[PDB]
Amino acid sequence: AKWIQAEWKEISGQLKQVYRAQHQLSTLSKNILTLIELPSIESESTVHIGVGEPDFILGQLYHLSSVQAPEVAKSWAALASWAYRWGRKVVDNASXXXXXXXXXXXXXXXXXXXXXXXXXXXXXXXXXXXXXXXXXXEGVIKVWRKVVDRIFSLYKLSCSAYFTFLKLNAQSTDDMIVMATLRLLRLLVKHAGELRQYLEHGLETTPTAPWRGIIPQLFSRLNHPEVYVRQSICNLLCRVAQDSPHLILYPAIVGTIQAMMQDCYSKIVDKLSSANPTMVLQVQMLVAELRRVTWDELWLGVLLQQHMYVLXXXXXXXXXXXXXXXXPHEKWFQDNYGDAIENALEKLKXXXXXXXXXXXXXXXXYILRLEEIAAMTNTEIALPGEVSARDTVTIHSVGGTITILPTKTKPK
């Protein structure tokens, strides 16, 4: 197949001759014909529109290799790629029994108009019904459902081949698996209801290892305008959590802390907490502590912004909100600057802001302590990021000293 695709310019005639002779020749033609005719899915009716005549030989060869050697992942990947490419091409370019069925169910211009409108641009059902009613003036639904699936069979083969190929890697490069996962996700997103009959059972049996590299995509694709796709994605993520919780642990708790982006996260955290509740509680506590360990800096920034924008009610509202939000380190700050609220209230009816800003700037110019800003030991939480780690390393303790990097956006 590779050598054939290489010299396609000088081999485009033999393939067409083989196709023509198949429905009615050098040594290569007869040899290929005999190879295809070897007894053990693809139909010529579907590839009869928008598909090149010599390109069918490649698909036939891929199918034969896949059925003859089901233990090799190369054949399945090649067949899936070919089917996906031609399926997308025919779908983009498309935007005997049917005519007889329509004529029998509708017992010359009207028939032609109805036939043309049946597949003019195939909420779709409502639009089709309205167009048919407005043109002709009920078996139209069945005819439309059958005709749309007839010209939509390559995608089914591509999805089945990709699923089978992934099932064998539970032997190929990681790039090939990532490509298959991306294609499957794109198909499930673009055309969901048109091929939902395959994803329903396909996503319920695939392993978790090949889907370990597209977690962010799955999380970001949790707001699709549907209900079954969201449930399927949630179930797949929950299954992936088992035997590998160090993958969707941090993003789930981060997202949890529209209702579409809430129910899925709640279900994921609930399923992940049924095994190690202590780990979930510990990760939530550490996340909360980290978020709350980001007071003096906020006050200094607010004072600087107010002083810069001074040259009314907005300043008073901002000061009140900051004081209300600010109510080891918090106690010291409150005891050292407890007159800020009183000074602001007295000046409301302006040197207090300037004095506070000057004091904060003078005191700004680094070494901190963990106990002052709690301290766990022998924890079992995974490290923040273990994509490449055969044996997940659990956090033992936290450094008692935290520094700040100068000449930057105040990083810690």
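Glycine also receives a Cβ, built like all others from the backbone with ideal geometry; neighbour counts cover every protein chain displayed. Bear in mind that the values in this text are calculations on the coordinates, not laboratory data.
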> Do we find a residue being under 26 Å from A389 (Cβ atoms) and among the β-branched types (V, I, T) anywhere in the stretch 229-241?
Replying inline: yes
>> Can you tell me which of (1) within 39 Å of the chain's Cα centre (by Cα); (2) part of a helix (DSSP H, G or I); (3) surrounded by 12 or more Cβ atoms within 10 Å (Cβ to Cβ) is the one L290 doesn't meet?
In response: (3)
>> Could you check the stretch 371-412 and list, in sequence order, the residues that are more than 32 Å from the chain's Cα centre (by Cα), more than 30 Å from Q305 (Cα to Cα) and part of a loop (DSSP other than H, G, I, E, B)?
In response: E371, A374, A375, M376, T377, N378, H396, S397, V398, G399, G400
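Please find, among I268, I233, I253, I215, the residue that is out of contact with any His (no Cβ under 6 Å at 6 or more places or on another chain), crowded, with 17+ Cβ neighbours inside 10 Å and closer than 25 Å to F165 by Cβ.
Going through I268, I233, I253, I215 in turn, just one is out of contact with any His (no Cβ under 6 Å at 6 or more places or on another chain), crowded, with 17+ Cβ neighbours inside 10 Å and closer than 25 Å to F165 by Cβ: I233.
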>> Looking at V240 and the list (1) exposed (fewer than 13 other Cβ atoms within 10 Å of the Cβ); (2) of a type in the set (V, I, T); (3) in contact with a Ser or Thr (Cβ under 9 Å, 6 or more places away or on another chain), which single condition is not satisfied?
In response: (1)
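Specify the residue that is nearest to the chain's Cα centre (by Cα); the eligible residues are those in the stretch 96-118 that are outside any helix (DSSP H, G or I) and more than 15 Å from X132 (Cβ to Cβ). Spell out the reasoning first.
In the first step, residues of the stretch 96-118 are kept if they are outside any helix (DSSP H, G or I); the result is 96, 106-108.
Retained after the next criterion (residues that are more than 15 Å from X132 (Cβ to Cβ)): 96, 107-108.
Numbers: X96: 40, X107: 49, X108: 49 Å.
The residue in question is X96.
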>> If I filter the stretch 97-105 for residues that are surrounded by 13 or more Cβ atoms within 10 Å (Cβ to Cβ) and within 21 Å of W3 (Cβ to Cβ), do I get at least one hit?
In response: no
>> Under 7 Å between Cβ atoms, which residue pairs at least 6 apart in sequence (or on different chains) link something in the stretch 56-67 that is closer than 13 Å to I32 by Cα with a partner that is surrounded by fewer than 17 Cβ atoms within 10 Å (Cβ to Cβ) and β-branched (V, I, T)?
In response: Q60/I36; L64/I36
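Filter the stretch 69-96 for residues that are surrounded by 17 or more Cβ atoms within 10 Å (Cβ to Cβ), out of contact with any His (no Cβ under 7 Å at 6 or more places or on another chain) and either farther than 16 Å from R183 by Cβ or not aromatic (F, W, Y) (or both) and give the result.
Selection gives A73, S75, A77, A78, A80, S81, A83, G87, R88, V90, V91.
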> Condition test on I367, is it closer than 18 Å to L303 by Cβ, of a type in the set (V, I, T) and over 41 Å from the mean Cα position of the chain (by Cα)?
Replying inline: no
